[PDB]
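In the form deposited in one PDB entry, a lone chain appears below as structure tokens.
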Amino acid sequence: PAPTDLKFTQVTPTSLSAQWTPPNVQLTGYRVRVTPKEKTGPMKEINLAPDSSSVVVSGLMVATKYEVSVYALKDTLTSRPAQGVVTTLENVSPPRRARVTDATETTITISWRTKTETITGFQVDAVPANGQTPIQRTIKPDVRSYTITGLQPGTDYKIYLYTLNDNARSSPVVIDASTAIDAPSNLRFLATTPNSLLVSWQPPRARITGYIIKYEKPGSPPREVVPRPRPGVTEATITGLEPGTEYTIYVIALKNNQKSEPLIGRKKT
């Protein structure tokens, strides 16, 4: 007796799954084949235990028509095949209009557009041009945005976004993005004179290319410390200032076009 009530439970772009009801009998096991019906490719044929009533044939060709026979075995003897035909799905499509929404040193968030097909989530391969080890991440199907955490500051990343549907991964959408630079820290006022201030700070995590220091009188535009400190300096003497004047200092980082947030403070000459 052949199995009955054959039904396909899940069809992916690479697999097909089905249940059924075993014919009340002895159980030597089952045989199951899947042959391209309208083409020439494999010929997946897999055996199954005697107590089976479901199956999962994976690793099939995308967008392909398959004949599926489900044979019940009993000692060299075979029974009539429960049949059906399934056509695999076309692989999943990569996300569209992938743009960066913002970044905060160690994290970058992005938003993309979804095609209209059965999805089971996303995956993000974030690769830094600097570092030598990337961070892989997975996402949930119901969201169209995601902040990537765990990056370095001021580092440039090649971010690959993918779509997921079971063991099916789409081709990627590539996105160039970089991190915010971490502002210098602990601005300390070492010395003063009616015409100058000596300031020291903690260098950023990034591997900046120098700083720009700004000072402004209380009713006059901020000026840059002309000489512009080399990235190797961590202290600078601000000269040519007015006496008894309360100045505001801004120490900012640079990695060739990226101004870090500004490190601030005030002190009077």
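Throughout, we count residues from 1 along the sequence that is shown.
Heads up, the form deposited in another entry isn't pictured, but that's what we're talking about next.
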**Request:** Check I110, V92, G154, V70 against the rigid-body motion between the shown form and the other one and give me the one at the hinge.
**Result:** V92
**Request:** Have a look at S170 and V56: in that other deposited form, are their Cα atoms closer together or farther apart than in this form, given the change is 3 Å or more?
**Result:** closer
**Prompt:** Once you compare with this form, do the C-alpha atoms of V34 and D166 lie closer or farther in that other deposited form, given a change of 3 Å or more?
**Reply:** farther
